[PDB]
Amino acid sequence: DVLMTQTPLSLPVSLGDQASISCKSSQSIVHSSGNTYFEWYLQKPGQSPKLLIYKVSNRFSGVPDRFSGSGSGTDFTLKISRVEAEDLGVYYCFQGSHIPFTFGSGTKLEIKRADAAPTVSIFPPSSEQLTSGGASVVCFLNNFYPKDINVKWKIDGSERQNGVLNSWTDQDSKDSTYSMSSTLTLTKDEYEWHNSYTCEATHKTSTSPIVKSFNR
Amino acid sequence: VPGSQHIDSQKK
Amino acid sequence: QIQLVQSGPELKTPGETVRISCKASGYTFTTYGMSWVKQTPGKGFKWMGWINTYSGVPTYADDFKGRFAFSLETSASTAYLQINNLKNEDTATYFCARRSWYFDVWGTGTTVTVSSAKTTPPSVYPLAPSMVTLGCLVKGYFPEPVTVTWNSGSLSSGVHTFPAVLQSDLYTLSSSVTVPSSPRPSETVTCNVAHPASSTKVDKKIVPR
Numbered sequence: 001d002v003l004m005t006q007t008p009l010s011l012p013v014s015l016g017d018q019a020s021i022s023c024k025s026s027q028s029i030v031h032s033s034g035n036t037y038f039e040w041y042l043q044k045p046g047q048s049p050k051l052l053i054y055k056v057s058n059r060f061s062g063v064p065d066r067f068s069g070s071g072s073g074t075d076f077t078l079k080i081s082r083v084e085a086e087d088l089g090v091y092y093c094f095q096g097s098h099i100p101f102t103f104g105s106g107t108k109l110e111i112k113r114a115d116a117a118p119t120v121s122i123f124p125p126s127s128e129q130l131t132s133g134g135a136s137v138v139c140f141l142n143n144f145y146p147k148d149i150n151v152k153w154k155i156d157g158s159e160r161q162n163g164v165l166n167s168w169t170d171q172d173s174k175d176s177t178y179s180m181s182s183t184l185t186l187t188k189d190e191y192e193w194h195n196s197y198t199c200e201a202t203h204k205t206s207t208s209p210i211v212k213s214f215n216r
Numbered sequence: 217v218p219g220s221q222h223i224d225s226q227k228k
Numbered sequence: 229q230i231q232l233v234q235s236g237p238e239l240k241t242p243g244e245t246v247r248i249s250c251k252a253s254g255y256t257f258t259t260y261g262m263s264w265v266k267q268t269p270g271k272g273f274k275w276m277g278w279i280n281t282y283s284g285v286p287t288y289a290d291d292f293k294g295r296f297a298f299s300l301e302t303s304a305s306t307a308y309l310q311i312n313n314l315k316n317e318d319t320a321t322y323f324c325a326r327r328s329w330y331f332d333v334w335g336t337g338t339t340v341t342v343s344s345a346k347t348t349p350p351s352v353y354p355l356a357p358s359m360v361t362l363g364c365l366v367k368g369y370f371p372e373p374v375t376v377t378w379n380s381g382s383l384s385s386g387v388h389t390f391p392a393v394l395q396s397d398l399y400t401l402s403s404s405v406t407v408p409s410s411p412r413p414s415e416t417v418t419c420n421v422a423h424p425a426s427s428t429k430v431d432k433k434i435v436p437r
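Taken in order, these protein sequences are the chains called A, B and C. Oh and the first sequence: position 179 is 179 in the working numbering, straight run, nothing missing. For the working numbering, count along the second sequence from 1 and bump the result up by 216. For the working numbering, count along the third sequence from 1 and bump the result up by 228.
Below is the structure:
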């Protein structure tokens with residue numbers, strides 16, 4: 001097979017800046033005819049692959065001139081000059097010269113952005129979940145940047161870090177932010193032995209912890 | 217053209 | 229315009245058979261060769277082989293000869309992929325792709341989850357409290373997918389569904405919607421969650437607690 005190794009695996013880049021992504025094949029992908037059926041696809045979260053470049057350097061129809069491709073025989077590069085927020089996605093190279101056709105493991109484009117403090121909300125368990133003997137407390141920390149954010153739950157003043165599940169959205173395509181959910185699930189028994197539940201977020205946009213609570 | 221029903225020219 | 233629409237998510241037990249349709253519209257089906265490519269969650273894309281829509285002759289890649297059949301219905305502009313004696317390892321999204329000098333049009337995608345684990349309906353919980361953030365917590369379902377919408381989709385803005393996390397055999401996920409304060413509760417906010425594998429759809433209206 002022709003191994004296709006792709007670098008970088010992640011590529012944070014500023015808006016406006018240039019970006020290159022390279023792919024190396026393990027043997028030449030020049031077809032016996034002399035042509036090189038080499039292509040770049042972008043796939044956005046929740047979307048089918050998008051054809052960017054074919055035959056090493058030809059932009060497909062309606063593709064922005066900021067995208068361009070280069071390389072010969074075993075080494076190729078895609079350049080995005082001026083990264084826009086919309087170029088969020090994962091880029092994959094493909095060779096279609098030798099059967100079987102193989103793809104690169106992909107490169108994730110991450111956009112470095114100006115900073116944004118999260119909007120945080122915490123929710124009590126619902127009566128329906130307490131009637132099932134379970135109490136999950138949920139905290140939302142929506143539309144922030146950077147993605148590095150440390151969240152700590154506290155229960156009557158003391159940290160708890162068992163029964164915590166975090167989930168992160170992909171980076172938003174229009175305004176480039178991340179959002180996150182953090183749930184504390186407690187058994188109802190443990191829930192009714194306590195009074196204050198605190199979701200608190202440490203993020204570089206703040207010098208204070210951002211704290212949200214409620215009391216039973 | 218591998219995998220395709222399309223035609224392409226050779227390259228000397 | 230040109231579309232390659234695929235059938236929806238299938239949940240299968242190991243040893244079963246699936247057939248995935250690829251219906252092409254907007255172009256003459258017999259003039260472009262069709263590929264089928266597997267995208268494993270995490271591990272990336274493998275090309276499976278192709279079938280010449282003119283000759284009807286199929287080409288399978290070495291690691292897919294055997295249990296995989298590409299077939300055609302050309303009066304219906306549809307390509308089919310059949311996978312027999314389904315192994316666990318076949319859980320992936322499958323794509324049909326039209327190719328000329330490139331794959332310019334890719335099908336919608338069909339996820340197959342092969343699993344001897346039992347389908348379990350969600351418990352969905354309302355999360356009640358300028359702008360107000362409301363939630364729906366969806367807990368303990370298997371398998372994926374689950375679709376969450378807000379007011380049967382007419383409340384698209386301000387919404388976020390976080391990826392499902394697996395813990396136990398089961399999944400959980402949250403969705404949130406931010407609306408104007410002078411709206412909730414005047415103007416009803418309902419969370420709707422359909423889980424195809426258990427044929428269930430639950431609708432939860434967020435009410436002041």
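Ideal Cβ placement from N, Cα and C applies to all residues, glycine included.
Pull up the CB-CB distance for residue i and residue j, whole angstroms please, since I reckon it's below 8 angstroms.
i                  : j                   : result
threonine 207/A    : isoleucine 149/A    : That belief does not hold up - the Cβ atoms of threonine 207/A and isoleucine 149/A are roughly 14 angstroms apart, past 8 angstroms.
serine 33/A        : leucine 365/C       : Their Cβ separation, rounded to whole angstroms, is 58 angstroms, which puts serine 33/A and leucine 365/C out of contact at 8 angstroms.
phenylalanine 60/A : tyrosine 330/C      : 7 angstroms
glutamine 6/A      : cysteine 93/A       : 6 angstroms
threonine 177/A    : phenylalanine 144/A : 6 angstroms
Beta-carbon of residue i versus every beta-carbon of chain C: anything under 8 angstroms?
i                : result
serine 225/B     : no
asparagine 142/A : yes
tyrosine 54/A    : yes
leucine 165/A    : yes
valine 13/A      : no
Does chain A have any CB closer than 8 angstroms to the CB of residue i?
i               : result
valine 393/C    : yes
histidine 388/C : yes
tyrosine 353/C  : yes
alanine 345/C   : no
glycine 272/C   : yes
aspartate 290/C : yes
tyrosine 330/C  : yes
Hey, would you say residue i sits closer than 8 angstroms to residue j, going by beta carbons?
i                : j                   : result
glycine 363/C    : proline 350/C       : no
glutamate 110/A  : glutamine 171/A     : yes
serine 105/A     : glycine 337/C       : no
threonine 205/A  : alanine 85/A        : no
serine 126/A     : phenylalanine 390/C : no
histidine 423/C  : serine 403/C        : no
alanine 297/C    : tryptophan 275/C    : no
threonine 361/C  : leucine 165/A       : no
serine 25/A      : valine 56/A         : no
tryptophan 278/C : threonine 268/C     : no
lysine 432/C     : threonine 416/C     : no
Kindly say whether residue i, judged by its beta-carbon, lies nearer than 8 angstroms to any beta-carbon of chain B.
i                   : result
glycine 73/A        : no
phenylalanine 101/A : yes
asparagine 58/A     : no
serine 181/A        : no
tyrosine 92/A       : no
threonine 259/C     : yes
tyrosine 37/A       : yes
Out of the options, point me to the one whose CA is closest to residue i's CA.
i               : options                                : result
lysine 251/C    : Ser303/C, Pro237/C, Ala425/C           : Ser303/C
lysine 108/A    : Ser20/A, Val211/A, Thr198/A            : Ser20/A
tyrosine 41/A   : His98/A, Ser10/A, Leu78/A              : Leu78/A
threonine 245/C : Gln310/C, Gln267/C, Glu317/C, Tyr282/C : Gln310/C
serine 173/A    : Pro209/A, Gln6/A, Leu88/A              : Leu88/A
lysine 147/A    : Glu128/A, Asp156/A, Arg113/A           : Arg113/A
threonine 341/C : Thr258/C, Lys266/C, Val233/C           : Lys266/C
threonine 281/C : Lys293/C, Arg295/C, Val374/C, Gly261/C : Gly261/C
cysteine 23/A   : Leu52/A, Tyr91/A, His31/A, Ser81/A     : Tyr91/A
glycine 294/C   : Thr306/C, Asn313/C, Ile279/C           : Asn313/C
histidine 98/A  : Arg82/A, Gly73/A, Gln6/A               : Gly73/A
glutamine 395/C : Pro371/C, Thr428/C, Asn379/C, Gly243/C : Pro371/C
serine 253/C    : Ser305/C, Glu238/C, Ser299/C, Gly284/C : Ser305/C
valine 285/C    : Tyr353/C, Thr258/C, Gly270/C           : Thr258/C
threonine 347/C : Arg247/C, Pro237/C, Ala425/C, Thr241/C : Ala425/C
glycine 381/C   : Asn420/C, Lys429/C, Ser235/C           : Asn420/C
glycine 134/A   : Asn379/C, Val352/C, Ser358/C, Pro357/C : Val352/C
According to DSSP, what are the bridge partners of residue i?
i               : result
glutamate 200/A : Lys152/A, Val211/A
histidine 31/A  : Paired residue(s): none; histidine 31/A is not in a bridge.
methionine 4/A  : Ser25/A
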